[PDB]
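Here's a solo chain for you in structure tokens, the form deposited in one PDB entry.
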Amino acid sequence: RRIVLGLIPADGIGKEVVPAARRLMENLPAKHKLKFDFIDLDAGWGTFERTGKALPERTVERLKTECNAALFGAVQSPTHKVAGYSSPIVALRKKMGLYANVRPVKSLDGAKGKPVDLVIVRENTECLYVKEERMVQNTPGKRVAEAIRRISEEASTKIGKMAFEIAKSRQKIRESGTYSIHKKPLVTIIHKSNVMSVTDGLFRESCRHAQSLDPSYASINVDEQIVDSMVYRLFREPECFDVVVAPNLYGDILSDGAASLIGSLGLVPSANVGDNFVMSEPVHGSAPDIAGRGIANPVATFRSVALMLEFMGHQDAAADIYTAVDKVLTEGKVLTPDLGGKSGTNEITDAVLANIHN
């Protein structure tokens, strides 16, 4: 089977980790029956500097017309507004219909402290990220600003459905015989209904109603958790969570909190998922302090590729990637500076490849 994959390295260590991932993809075992054709695409801060547009329209056109999926590196986002610049990643997610931001956090077997195997499913189109704000009073010393938080039944139902689909997929993997810390599947709905009774009420009702949309979701357990005690429980008993579904802001904050459970950010994967497309993306940024020195950790990117392949229906390939990656990490011989080692990007790519062909 053929996958046409858009490659969008963008900036800094994006330009090192995406070629690493291409090498991984090109060299998957024959048993997977998976070939890739790649298309190189331009986006990011460097694209903005050269052309005045962070996301060329041609890049979006090729994605929609040629590609089955994409891999995005990292954008060197400015720290203030720049005229003519807008985030190409936020733009690509909107333009490609990628409404779900999926962030799995899974500890290594034999890791210290509480084990974790959870997935945060973050609604990624609305809430406060509609960016609709006004300075309603401009009195010197007494300004008043207001922002709109918007929650819709349609978007919330869609994200709830995606959570149940993910829960169902994880449960099938368990039932196929792969060990899991969870004995029962669970979707935990995150909210703050005691303050946001109308908006979070809608979010909650919509996610609960999503369970009714397919008879195969009926077996999945559902509960609800207030956001603040969710952070409390995340740090102390993260083993209690399977699939967690949240509106945009709570999901953003919880995903970043959960990333802390597994050590270096160069280990943390993500995918942006829509109904007809998926874009993998490592959680780390462009790391300009180390860009060009051949020491970037490509593990987050590898796991992001594997996550993408999970959503595309290549469970076997994904599982072998995860196993090969974890073996490198547990063995602890080949480690990049962010892992406390002295090894380079290419050394760790070679190590993953050596394991996958074992």
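Between two forms, the rigid core is defined as the largest C-alpha subset superposing within 1.5 Å. Residue indices: 1-based, along the sequence shown.
If you average the C-alpha B-factors over 306-314 and over 323-331, the higher value belongs to 323-331. 1-9 and 347-355 differ in mean CA B-factor, and the higher of the two is recorded for 347-355. Note on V299, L34, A70, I39: the highest value goes to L34, judged by CA B factor as recorded. In this structure the maximum Cα B-factor among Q137, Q211, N248, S156 is found at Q137.
Among the modelled residues of its chain, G44 has a C-alpha B-factor that falls in the lowest third, as given in the PDB entry. For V17, the recorded CA B-factor ranks within the lowest third of the chain. Only modelled residues enter the ranking. Split the chain's modelled residues into thirds by C-alpha temperature factor. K183 is in the highest one.
When the modelled residues of the chain are ordered by their C-alpha B factor, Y232 lands in the middle third. Ranked against the other modelled residues of its chain, the C-alpha B-factor of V82 as given in the entry falls in the highest third.
The discussion below concerns the form deposited in another entry, not included here.
Fit the rigid core and compare the CA positions between this form and the one not shown: of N276, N194, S86, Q137, just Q137 moves by 2 angstroms or more. Once both forms are overlaid on the rigid core, the distance between the two CA positions of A111 between this form and the one not shown is 2 angstroms or more.
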